Amino acid sequence: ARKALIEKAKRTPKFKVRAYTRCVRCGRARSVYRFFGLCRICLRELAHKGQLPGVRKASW
Amino acid sequence: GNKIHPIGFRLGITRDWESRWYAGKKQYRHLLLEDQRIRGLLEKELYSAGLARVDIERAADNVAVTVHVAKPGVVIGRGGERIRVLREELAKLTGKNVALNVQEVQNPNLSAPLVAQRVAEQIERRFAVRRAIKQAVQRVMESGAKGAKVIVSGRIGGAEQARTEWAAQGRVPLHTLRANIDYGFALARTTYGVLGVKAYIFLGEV
RNA sequence: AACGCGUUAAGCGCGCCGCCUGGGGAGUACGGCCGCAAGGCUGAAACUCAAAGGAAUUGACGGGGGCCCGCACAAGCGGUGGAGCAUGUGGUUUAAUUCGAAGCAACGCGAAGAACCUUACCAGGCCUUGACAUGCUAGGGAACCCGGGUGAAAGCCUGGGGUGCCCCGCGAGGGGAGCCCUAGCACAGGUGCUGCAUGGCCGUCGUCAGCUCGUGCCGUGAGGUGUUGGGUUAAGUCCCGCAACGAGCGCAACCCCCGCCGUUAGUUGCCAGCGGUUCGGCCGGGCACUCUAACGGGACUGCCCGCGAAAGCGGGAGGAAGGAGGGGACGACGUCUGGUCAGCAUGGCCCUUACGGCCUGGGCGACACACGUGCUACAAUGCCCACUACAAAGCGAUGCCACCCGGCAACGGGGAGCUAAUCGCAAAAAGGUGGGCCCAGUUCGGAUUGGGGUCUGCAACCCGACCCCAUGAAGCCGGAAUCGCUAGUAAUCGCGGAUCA
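Residues numbered from 1 in each chain as written, not as in the entry; some residues may be left out. Chains lettered and ligands numbered in written order. Part of a larger assembly, values for the part shown. Heavy atoms only, no water.

- Per the deposited record, X-ray crystallography is how this structure was determined, to a resolution of 3.4000 Å.

Here we look at the nonpolar core
Residue and element names in this part refer to chain B.
Phase 1: Formed by 23 residues in total, the largest nonpolar core has its most connected members in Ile 123, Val 129, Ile 133, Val 152 and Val 197.
Phase 2: Of all the secondary structure elements, the ones that give two or more residues to this core are helix 4 (112–124), helix 5 (129–142), strand 6 (147–152) and strand 9 (197–202).
Phase 3: Once residues within four sequence positions are removed from consideration, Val 197 is found in contact with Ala 116, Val 119, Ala 120, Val 150, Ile 151, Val 152, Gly 184, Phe 185 and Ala 186. (Core = buried A, V, L, I, M, F, W, Y, C linked by side-chain atoms within 4.5 Å. Buried < 20%, exposed > 50% of the residue type's maximum accessible area, 1.4 Å probe, protein only. Helix = DSSP H or I, 4+ residues; strand = E, 2+ residues; numbered from the N terminus. Contact = heavy atoms within 4.5 Å.)

Let's talk about the protein's contact with RNA strand C
Phase 1: In the neighbourhood of RNA strand C, 60 residues make up the surrounding shell, with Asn2(B), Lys3(B), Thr191(B), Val194(B) and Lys198(B) lying closest.
Phase 2: The protein-proximal atoms of RNA strand C, defined as those within 4 Å of the protein, are 75% sugar or phosphate.
Phase 3: The separation between a phosphate oxygen of RNA strand C and a polar side-chain atom of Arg2(A) is 2.9 Å.
Phase 4: Elements with a contribution of two residues or more to the surface near RNA strand C: helix 1 (3–10) and helix 2 (40–49) of chain A.
Phase 5: Among the residues forming the surface near RNA strand C, the class breakdown is 22 nonpolar, 15 polar and 23 charged. (Near = heavy atom within 4 Å. Polar contact = N/O pair within 3.5 Å; in protein donor to acceptor, adjacent residues only side chain to side chain. Nonpolar A, V, L, I, M, F, W, Y, C, P; charged D, E, K, R; others polar.)

Notes on unusual backbone geometry
Phase 1: With a phi angle near 155 degrees, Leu46(B) is a residue other than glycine that sits in the positive phi range.
Phase 2: On the accessibility criterion, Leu46(B) (8% relative accessible area) is buried.

Notes on the interface of chain A and chain B
Phase 1: At the interface, 18 residues of chain A touch 16 residues of chain B.
Phase 2: Taken over both partners, the interface formed by chain A and chain B buries close to 1,700 Å², and the fraction arising from carbon and sulfur atoms is 63%.
Phase 3: One can count 0 salt bridges joining chain A with chain B.
Phase 4: Counting the contacts that link chain A with chain B gives 4 residue pairs in polar contact.
Phase 5: Per-class residue counts for the side of chain A that touches chain B are 9 nonpolar, 5 polar and 4 charged. (Buried area = accessible area lost by both parts, 1.4 Å probe. Salt bridge = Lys/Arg side-chain N within 4 Å of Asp/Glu carboxyl O.)

Here's the deal with the sheet that holds strand 8 (residues 181–186) of chain B
All names here are of chain B.
Phase 1: Taken together, 4 strands build an open sheet; the order of strands is 7-6-9-8 and the sheet is antiparallel. Strand pairing shows two members of the sheet lacking a second neighbour, strand 7 (168–170) and strand 8, which therefore form its edges. With strand direction ignored, the average angle separating the axes of adjacent strands in the sheet is 10 degrees.
Phase 2: Summarising the sheet, strand 6 and strand 7 pair through 3 bridges and their orientation is antiparallel. Bridge pairing links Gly 147 to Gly 170 in strand 7.
Phase 3: Across the sheet, helix 4 is in contact with strand 6, strand 8 and strand 9; its angle to strand 8 comes to roughly 30 degrees.
Phase 4: Across the sheet, helix 5 is in contact with strand 6, strand 7 and strand 9; its angle to strand 6 comes to roughly 160 degrees. (Pairing = 2+ DSSP bridges. Axes fitted to C-alpha atoms, helices over the stretch in contact; angles between N-to-C directions.)

Section: the side chain of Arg10(B)
Residue and element names in this part refer to chain B.
Phase 1: Relative to the helices and strands, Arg 10 is located in the segment before helix 1 (28–44).
Phase 2: The side chain of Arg 10 is buried and forms no salt bridge, while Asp 182, the nearest opposite charge, is found at 10 Å.
Phase 3: One polar contact links the side chain of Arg 10 to the main-chain carbonyl oxygen of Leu 177, over a distance of 3.5 Å.
Phase 4: In contact with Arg 10, not counting residues within four places along its chain, are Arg 15, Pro 173, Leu 174, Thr 176, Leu 177, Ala 179 and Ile 181. (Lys, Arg positive; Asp, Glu negative; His and termini not counted.)

Digging into the packing of aromatic side chains
Phase 1: The full count for this structure, using the stated rule, is 5 aromatic pairs over all chains.
Phase 2: Relative to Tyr28(B), the ring of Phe36(A) has its centre 5.5 Å away and its plane inclined at 75 degrees; by these criteria the two rings are edge-to-face. Of this pair, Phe36(A) sits in the loop between helix 1 and helix 2 while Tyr28(B) is found in helix 1, placing the two residues in two different chains. There is no split in this pair, since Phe36(A) and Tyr28(B) are both buried.
Phase 3: Connected via pairs of aromatic rings, a cluster forms that spans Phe35(A), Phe36(A), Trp21(B) and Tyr28(B).
Phase 4: Over the ring of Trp21(B) we find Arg58(B), and its NZ or CZ is 4.6 Å from the ring centre. (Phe/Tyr/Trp six-rings, centres within 6.5 Å; stacked < 30°, edge-to-face > 60°. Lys NZ or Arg CZ within 6 Å of the ring centre and 35° of its normal.)

What follows is the structure, given as structure tokens:
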């Protein structure tokens, strides 16, 4: 149940409580950000290539 | 274990964003989804010319897709056959005014993401991998540079023992910031495994 | 062969003697000679092995030596190990209690959000070209929109609105590009096994001072020199030496945060100065302060004294700051057949009315027990009540909610500001002040169970969070053991954020 699920995520069946998140690149269920629509990995991969405007290597 | 992406380590200086704009916190979300499925579609139908970069600039509904290539021909046709169908295709998902360009790479041997794909093609057609590497490095430094490096992963020759093959010339200080070192990586895909190639070009300084 | 030998030959030669012919069996048995005896000299075989051995590399190791490091010990402060509870794991249990991680480097770890979702597990009802992709054949149907019955839902049965086109066209009508109902074929789907078939990404040795290349020179060769040595450094940092002279990946340097001052800019700041103030920087006025964020200056052992061949070490002044000024990001050739096929990607293997797919209920939350990480404590340098101060970094449109009204309160009715240095979360808390407790299992401690309520959600029995009354358990400082931290650190106090009903 990997493919059947990412497709279940899109539809919104009965009771809106069921509507979970899900990563865009990665079928990722856990660790999924509102701002980017992405997973923790998916994100970090991108951020190094510059495909995310102004998301820079932090340092404080 | 370790060694970080040499692009992510530059961003602030040297390397600039391969997608630069601004957007709000209901919209980054969406403008980002777009930018992938764009670069996703281009990656396919355009491999033929060797798209070593795919910039995107923006202000409001106005996309500045600039494709950088060493062999520009393949993208247009003679006069305008191909370039036509793409403009169509792009805005075929985005109901916005798709403004596509092309730019030239004076020397493809000095564009890493190319150098990587070249060697990944050489492997997919079973050539001596010790050689292909030692050779692709001369190609680069030959055509003027200060330093250059390549790395092929495991299943060399299709052997049940996966190794890792190296070789590189000049200087490559990946630890230094005032550097400018172009990185690219390609997937060879075979009957027995899945190799990986990494390419590094040392260009200028101060 | 190398280590070495070298007129005291192991060199070059001649004479005569003794001796070896792979390892174990075995210096044994038998016979013989000798011996008081113990035993000695002479000395096999069957059977069995793929080697047994010499010198010399490069490592690794030592209950070897030398120089030197690190909260390693030592000096010191606060903790776990004991209680009660929260959380992760072993085990037993179970219809199932899904899988992974295993000394350091697994165990508040994947999990930055399990009531159905999740969800990979079990019981029960169903569905097959399938919930998703690409393409072909065939009559209907070619978009689409609303109900009926049955059921736990899923599913299966079933009643009504009816099509803007290329175009024969007044019209019957008819070719038809989307897109979907249905049969059927090529195919989809699998978190099914293989992290010793793999990519990528991560852990670790270790932020340790190392790991190497080219040429030359040395050795029959593995390999060596360079990169051993003296000085010095956080450092293969630098100096000086030298059959070597250079060079690369490293360290350092360039990049970000905190410190001091300038230049640029004024809806945050300011009686700083006169001005009116219902005394609220509220007001006109004003960038001098404060702040905000953007470009700079400033420190280089440059100055002086001493020690030194030099590198550099110690000491003094100016200075907001020195001898890497305080924190970051950054982690070499490689090691652990390390971790991950369950984020994804991927060779091979295996299942294709089910090892695929949908729902309803359960399970992941079980409990005679065992270990790890944690929270609240056993009290007077304390606990309780009223009043009163001083932060930072962040976050907010079916979001944060000012301010009202009701309720003991949780909350609930109204409703202004806000795209947010202009409104909101918002009170920080410890502290300060004055009132009560008086050494007690207590006004210490808040586990457990009874009763009563609120809010999210379709739904809180298994399983949610809060609020109120009543119950007030064990704990009077913890056996053997065992962790952290060298300065704005330890200790202690509260605030925010990701995930998200």
